[PDB]
There are 2 protein chains.
Amino acid sequence: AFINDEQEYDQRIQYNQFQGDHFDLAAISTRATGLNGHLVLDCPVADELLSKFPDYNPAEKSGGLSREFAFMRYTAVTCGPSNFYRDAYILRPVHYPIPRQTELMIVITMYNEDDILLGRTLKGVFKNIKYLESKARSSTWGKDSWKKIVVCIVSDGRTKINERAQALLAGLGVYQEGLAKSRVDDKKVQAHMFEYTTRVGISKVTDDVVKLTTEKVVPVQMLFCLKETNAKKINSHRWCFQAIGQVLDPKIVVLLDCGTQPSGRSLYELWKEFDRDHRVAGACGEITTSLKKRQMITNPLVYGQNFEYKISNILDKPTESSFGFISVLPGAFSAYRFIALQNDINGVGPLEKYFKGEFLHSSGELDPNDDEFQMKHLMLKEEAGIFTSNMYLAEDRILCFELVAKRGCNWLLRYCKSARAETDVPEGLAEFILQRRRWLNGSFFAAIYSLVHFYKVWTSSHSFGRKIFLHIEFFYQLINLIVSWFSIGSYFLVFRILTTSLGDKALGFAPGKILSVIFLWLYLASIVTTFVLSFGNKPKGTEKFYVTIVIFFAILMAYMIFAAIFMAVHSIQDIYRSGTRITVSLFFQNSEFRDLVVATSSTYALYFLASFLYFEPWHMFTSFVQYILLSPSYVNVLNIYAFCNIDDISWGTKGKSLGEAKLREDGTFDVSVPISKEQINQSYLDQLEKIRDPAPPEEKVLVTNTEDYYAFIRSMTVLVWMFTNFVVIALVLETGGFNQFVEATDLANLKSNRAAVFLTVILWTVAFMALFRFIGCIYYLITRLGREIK
Amino acid sequence: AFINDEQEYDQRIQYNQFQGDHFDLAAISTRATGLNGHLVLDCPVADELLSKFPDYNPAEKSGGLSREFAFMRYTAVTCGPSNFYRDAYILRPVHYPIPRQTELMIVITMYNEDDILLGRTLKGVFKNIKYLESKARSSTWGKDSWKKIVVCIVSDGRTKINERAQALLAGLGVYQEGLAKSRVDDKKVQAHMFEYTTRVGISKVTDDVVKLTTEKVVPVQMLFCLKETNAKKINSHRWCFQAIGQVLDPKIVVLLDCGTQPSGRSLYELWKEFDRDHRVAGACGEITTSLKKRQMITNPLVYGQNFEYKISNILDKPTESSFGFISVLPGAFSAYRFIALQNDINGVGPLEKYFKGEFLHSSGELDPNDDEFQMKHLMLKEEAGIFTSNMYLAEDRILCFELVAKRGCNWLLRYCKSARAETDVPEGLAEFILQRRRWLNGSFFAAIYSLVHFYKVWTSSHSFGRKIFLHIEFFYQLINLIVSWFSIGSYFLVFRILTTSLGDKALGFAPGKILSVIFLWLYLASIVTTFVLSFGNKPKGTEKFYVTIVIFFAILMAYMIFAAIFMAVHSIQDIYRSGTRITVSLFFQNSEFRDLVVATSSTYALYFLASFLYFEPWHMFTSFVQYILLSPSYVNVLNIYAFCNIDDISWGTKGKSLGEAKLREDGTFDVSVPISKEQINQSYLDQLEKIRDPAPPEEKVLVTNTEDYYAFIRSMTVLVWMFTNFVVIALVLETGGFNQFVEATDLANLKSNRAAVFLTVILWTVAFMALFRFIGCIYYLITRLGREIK
Ligand SMILES: C[C@@H]([C@H](N)C(=O)N[C@H](C(=O)O)[C@H]1O[C@@H](n2ccc(=O)[nH]c2=O)[C@H](O)[C@@H]1O)[C@H](O)c1ccc(O)cn1
Ligand SMILES: C[C@@H]([C@H](N)C(=O)N[C@H](C(=O)O)[C@H]1O[C@@H](n2ccc(=O)[nH]c2=O)[C@H](O)[C@@H]1O)[C@H](O)c1ccc(O)cn1
């Protein structure tokens, strides 16, 4: 088990002086004393772990180690997040005789994750902490910097945590099996907290095994909170913010997920981003996809996701950062300023909005024995509108808007490209669809909520120009939402127009008509099958149907590109045939050539320039084709599945022995039945009276269950989506009854004109959005360079 | 509580001699002795119930009543249906010193039904038994006929049974609360059986209250089997047939449902049907809908259902009875010959097929403690094909085909119109849809199964002509299935053709085009909304959407009828305009007039004649319009909901405390945690070894859950249905890409020709099916009259 930039860190660190502070222990005889009336145990760690440390001395009973390094502390929490601070639950960092002030709380969320992912995450965090320690000419960082950093691991589900990750945590010395207790004082234990200052560092993380060693390891404060029952990531975040954060009172809370490995200096970059400008309240870093042992042709999906991530980080994040409002901060890797998230005195704030979703989106069955029964009952009893009851879709995204548009605060959201983190993307198609469901739903709901409540930014204390530019960004987001809502209809219209154009006898392509008909039939079949499977079955079961649909859509996209190229070439040849010389004006006057070629080429050129200026050009070659071929799948399959499954009904449906006869030694059976005449007569009369009366009306008027409400909401949403898309399609191609209002000959010309107008509109809208994003990223680069010079 | 044809029965009955036979009791001290090692208690009934009887004498301790009338017997059954006969479970009728042979077992099924429905059913049964007793010149019936009849009530769910119905049963004296025991000898009690010979008769059943009296009441044997947990009607029928039937060994088992009130002589008619011809194995009686306090205009749905039932009983049942094979025997009211249902020595038979559906269609989670674990494990372990695993759809319908096409037996199914029963139809729309789901699914699956396995009738020992006529019936059923599969597409095609015909400028109707377009859009919207609601929501929640859709379809049907009439009138006027005189040949040569008018008029005339010849003409006037207006709803809404919900997933998903710390008198908490160095080191080494190895491949290869299988089956079925219907529609109206293969002018003429051909085909197919059924019912009437003369 035990065996270049990192080397620089080791040189600056002495490694000889790591004596811990003395703290009061809890007596353990096996009666044990608990601090403040709570179940607290300070057990000793395995002797071998102590022996590994260089400072260990065989003569010393404990090796001469400090109290913190020698004993691991276990606490059982029964109250829950809401009352954790109210109760006298004291964490070790604040329990020292000299209080320790936290500067950076690194939160890690785990759920049945393999030991490899946790090992990679912990290796990244340890490397970042080592770099922070090694820093010499820093006012805040340097010697004894590890005392200001706390690593919190919140595992979701005691019975769902992977055994190998638990073994890894035990190897760190944080976790011990025997300590955990199910109940205390007839009260259920909601969470189990283990606190330990580990001096064990992960040397390397291979593909199959994890190797940890004690050589050149900086001490790290570890707090491992194991939850008794899984209550989702929102409940995990409630534990992190509402309960632990208040006790620790840290700044710049960093959120991480298992499998995300930050760089060697990324956390320092995030902290510097927060430190330079005091108005910044949230930050995010570039996220990258690993391509170590994945081939270009064997894994098209991975490379498509890589291209998507690179384009996002290069165009979308910089522009939003320039405007000061980021739609989404990646939960996998982001950071928030703690004070900015605090609610107002009135009780309304970003955290309240974020947490309300967990309470509202759940079965209305509250256990009276829970100590949080009053809070949940009050929250559910309150009248909730459409937006409040549907906050669960937005998730973290709501926090960004709530932070920017505060009543009287001046906060901003910023994106830094210096911070980089590597994560693992889902290789399988079913996992990809399941992941994209929530992304799409959250993005749509967040956009709608922000656009509807855009007036809230007026009261915020921002500069007038800042408000004007925020309004410009809101207008851009409105345009993007409108374009995204009509994605499927626009794709179908473009496909139909391009395929039918090949059917014209003017151009010499014979199989055009038959191919167009076959592709239309296959498209309709794929759409219908996708809808049926989305409503009925689970992605993991019927994966092959989705694979076939994706392959068909890739082939169709290839055919569409070929048709567009053929049409453009034919138009150019006709231009030359017409004679009278050729001029650039004539080329730009031809609708076919212009729309089909110029717009797409301009968009590609903008993407290429943006990639080059960021010194990340490879993704424009290695992973472009896969993304282009998969785009129709992105629009159709993912969007259909996301909209059909808006409601996430995780909870199930709903939720005195008469007697016991025991055979005795003899054949007789011991029974207790009525014997007296009086009681039998009384029972008979009671039955007669019970039946001898008319049936009263029920008039239950029960509130009923919430699952019906969310199912209704999802049904209405999908119906409206279908109706609008079909209205647009009927208007463009005269598909419905509109063809009756025209004649045999006028229909063709009118349809052609409408199709041309639609094509030019959509293509130029896409090109203009690309230009907008390009200019935004250019400005981001210029301003970042100028700030760096300063 | 206690207060003309029936009068005739009382006159013939002496009512003075009703002494019961003596039987051995079980000692009840409160240790009580059980017969054959089972928990059996013979408790005394309430003294007032004994006092009511005329034979009661105040001087006598028990009033002089017989043992059976004085004591009620309770038995606790733990084994279940499979092993009930194997175990020494003895029912009172077979426990007498002189064994009693059962002649007619009247089974009643109850599930949270109101006391009113049970009261009506029991009143009907008691009246039938009284009539049988009164019969004088009968070899089998007459004096002491009540000893040959046993009434079995199987209630589904101990905790779901309605309290008022239970009070009614207690008033009868069958049920007592104290006796029931949850467990015996550490074995769960599956069912609770109460046996009593009640002399209490229901005098009348008002709308709100039930009145029972002891005057002029014939004793009735009652066996009330209350099941501990609900396992559906198939499990109830398993209890009735597999377990009670074997012990009683009756003939002509009669099946009834709560709320079905048979006539005063209906059961005698069924028994006579069985007695006259020994080849008959199953029988059914006419079922009627009550219209006492329901208005023609206030309740259109009730009258539509009334018309449907009358037409069914007048046309469908007689023809199938004439052929000797009935597709469905109403479970609410039918009868079966017990010996015909018995399985073969090899273990294959109608009952095995019927019961296999319950076992296969359920969660694959068998409790090892069940005594039927071996049987269920063997059945599930066996390889099951598509048909065997989907038998749950057919339900009772499978029994009919399994009976007719036996390997070497000669059995027939017959329908008698002398037997009549009145039932309550669902007034609400949601209840109607829920009821029709299973009807449609069962009919479709039974038709498919019978058609596929038509060759099984070859080996049956029937006359050659009988086999020929059965094959003719199979061909007719194949045609009916084909017509029913394409119902929605045919309806849409007819609607589109009729609405577009009004758009032609030849006829002077201006709003035709706009109305056609609007109706097309509304039709598409209704279809899409129906599909979405069927997949997503529950009928009870979103009832108003269905109501609106039904109203729209009724309006559309009215408009379609108007359009057809207008077109026919215009065609006749053009015929007159053409000149050259008029002849019947010219009228029958015009496709428009012929197809639109002659076929529909012929069908209506056939229906009218069939109604008149059966002396039931009123339904052709009172309830015809409602059925005509609701037919499109029948085809669209019910069929869509039934096909979208083929899978009935009733079951849910899926299905050691670390320690306990108790605070003592002092502040210390009592805990048990590791103390010794050795155990801590051993645990640390164990964790190191656990993590120090590579991850082995899972390779679970688990069988997985069955719900996915049924969801997949339903998805495939709906997809195939959609594909076939759309193919037909595209072929007829040139809706898809087919229009590309024609020109501007030829398309209109070709579409018109195809539409005319489709209209004539469909209308004449309907007319010919109506004629076939009419001839069949005519033959049924003639043969029944001839048999009556004989
Ligand atoms: C999605 C993320 C990462 N791949 C991931 O999987 N995140 C999970 C999530 O988003 O839910 C985390 O949630 C935990 N979880 C799961 C189930 C539960 O029930 N409770 C619970 O806490 C999981 O263990 C996991 O750590 C990915 O890197 C990413 C995100 C944003 C982005 O812009 C780019 N990339
Ligand atoms: C449907 C029938 C009657 N209205 C009815 O409701 N039958 C129920 C059924 O068909 O299921 C019976 O099944 C019992 N049941 C219910 C739920 C459960 O979970 N377990 C259980 O035993 C119910 O109590 C009830 O007696 C109607 O008259 C009819 C039938 C056929 C026909 O051609 C014409 N009309």
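## Structural notes on the overall build of chain A
Check the secondary structure of chain A and you find 26 helices and 18 strands. In terms of principal-axis extent, the alpha carbons of chain A reach across some 105 × 95 × 55 Å.

## Looking at the site of ligand 2
Residues and elements named next belong to chain B. What surrounds ligand 2 is a group of 15 residues, the closest being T109, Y111, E113, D156 and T423. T423 has a polar side-chain atom sitting 3.0 Å from an oxygen atom of ligand 2. Here ligand 2 loses 79% of its free accessible area of 690 Å² to cover by the protein chains. Those elements that provide at least two residues to the shell around ligand 2 are β4 (104-110) and α15 (429-452). Taken together, the residues of the shell around ligand 2 break down into seven nonpolar, three polar and five charged.

## A closer look at the pattern of salt bridges
All names here are of chain B. For the structure on display, the rule yields 62 salt bridges over all chains. We note a salt bridge from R100 to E68, for which the minimum N-O separation is 3.6 Å. Here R100, found in the loop between α4 (92-95) and β4, pairs with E68, found in helix α3 (residues 67-70); they are 32 residues apart in sequence, far enough to count as distant. Summarising the burial analysis for this pair, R100 and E68 share the class buried.

## Thoughts on the environment of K130(A)
Residues and elements named next belong to chain A. Looking at the element boundaries, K130 is found in helix α5 (residues 115-134). Using a relative accessible area of 15% as the deciding quantity, one classes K130 as buried. In sequence terms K130 and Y627 are 497 residues apart; their C-alpha atoms lie 38 Å from each other. Apart from the residues lying within four places of it in its own chain, the contact partners of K130 are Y9, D10, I13, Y15, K216 and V218.

## Focus on the UniProt feature "transmembrane region" (unreviewed entry) in chain A
All names here are of chain A. Within this structure's numbering, the places UniProt gives as "transmembrane region" (unreviewed entry) are residues 439-458, 470-494, 514-533, 545-569, 596-615, 718-738 and 758-782. As annotated, residues 470-494 has a helix share of 96% and a strand share of 0%, and its two end C-alpha atoms lie 33 Å apart. Span residues 514-533 is 100% helix and 0% strand, its end C-alpha atoms 28 Å apart.

## Focus: the pairing of strand β16 (residues 412-423) of chain B
All names here are of chain B. As paired strands, strand β13 (residues 261-262) and β16 are joined by two bridges and run antiparallel to one another. Looking across to β16, one finds that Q261 is bridged to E422. Here strand β14 (residues 280-289) pairs with β16 via nine bridges, running parallel. Pairing of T288 across the sheet is with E422, part of β16.

## Here we look at the site of ligand 1
All names here are of chain A. Residues in contact with ligand 1 amount to 15 residues; listed here are only the nearest, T109, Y111, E113, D156 and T423. Between an oxygen atom of ligand 1 and a side-chain N or O atom of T423, the distance comes to 2.9 Å. Contact with the protein chains hides 79% of the accessible area of ligand 1, taken as 690 Å² for the molecule alone. Elements with a minimum of two residues in the shell around ligand 1: β4 (104-110) and α15 (429-452). A per-element tally of the shell around ligand 1 places α15 first, with three residues. Looking at the shell around ligand 1 residue by residue, the class counts come to seven nonpolar, three polar and five charged.

## Focus: helix α9 (residues 300-323) of chain B
Residues and elements named next belong to chain B. In a regular helix each residue adds 1.5 Å, so 24 residues correspond to 34 Å; α9 covers 34 Å between its end C-alpha atoms and thus fits that length. Judged by how many residues are buried, α9 sits mostly within the fold: 19 of 24 residues are covered. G324, located one to two residues past α9, shows a positive phi value of around 95 degrees.

## Topic: the side chain of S236(A)
All names here are of chain A. Mapping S236 onto the fold places it in helix α7 (residues 232-248). Judged by its relative accessible area of 0%, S236 falls in the buried class. With residues up to four places along the chain from it excluded, the contact list for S236 reads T109, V154 and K227.

## Overview of the relation of the copies chain B and chain A
Once chain B has been moved 0.0 Å along the axis and rotated by 180 degrees, it coincides with chain A to within an RMSD of 0.0 Å. Classification of the inter-copy transformation places it as that of a two-fold axis. For chain B, the residue whose C-alpha comes nearest the rotation axis is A744(B), separated from it by 2.8 Å. Most of the interface of chain B is mirrored in chain A, where 100% of its interface residues are also at the interface.

## Quick word on the sheet that holds strand β6 (residues 183-184) of chain B
Reading across the sheet, the five strands line up as β1(B)-β18(A)-β17(A)-β6(B)-β7(B) and stay open at both edges, with mixed pairing between neighbours. In this open sheet, the two strands that pair with only one neighbour each are β1 (31-32) and β7 (187-188) of chain B. Sheet topology places β6(B) next to β7(B); two bridges connect them, and they run antiparallel. Across the sheet, the residue bridging to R183(B) is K188(B), located in β7(B).

## Here we look at the interface of chain B and chain A
Each side of the interface is counted separately: chain B has 98 residues, and chain A has 98 residues. In terms of residue count, the dominant contributor to the side of chain B that touches chain A is helix α25 (residues 706-733) of chain B (13 residues). Split into classes, the residues belonging to the side of chain B that touches chain A amount to 52 nonpolar, 23 polar and 23 charged. In terms of strand pairing, strand β17 (residues 660-663) of chain A meets β6(B) through two bridges, oriented parallel. Opposite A661(A), over in β6(B), you have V184(B) as the bridge partner.

## Structural notes on the domain arrangement of chain A
Here chain A is described as being made up of domain 1 (1-264) and domain 2 (486-648 + 709-789). The centre of domain 1 of chain A, based on its C-alpha atoms, is set 51 Å off from the matching centre of domain 2 of chain A.

Cut-off values and rules
- Residues numbered from 1 in each chain as written, not as in the entry; some residues may be left out.
- Chains lettered and ligands numbered in written order.
- Heavy atoms only, no water.
- Residues with missing side-chain atoms left out of burial classes, pairs and counts.
- Helix = DSSP H or I, 4+ residues; strand = E, 2+ residues; numbered from the N terminus.
- Near = heavy atom within 4 Å.
- Polar contact = N/O pair within 3.5 Å; in protein donor to acceptor, adjacent residues only side chain to side chain.
- Areas by Shrake-Rupley, 256 points an atom, 1.4 Å probe, with all protein chains shown as cover.
- Nonpolar A, V, L, I, M, F, W, Y, C, P; charged D, E, K, R; others polar.
- Salt bridge = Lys/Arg side-chain N within 4 Å of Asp/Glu carboxyl O.
- Buried < 20%, exposed > 50% of the residue type's maximum accessible area, 1.4 Å probe, protein only.
- Contact = heavy atoms within 4.5 Å.
- UniProt positions renumbered as here; feature names shortened; annotations may be inferred.
- Pairing = 2+ DSSP bridges.
- Expected span 1.5 Å × (residues − 1).
- Least-squares fit on C-alpha atoms.
- Domains from an automatic or database assignment.

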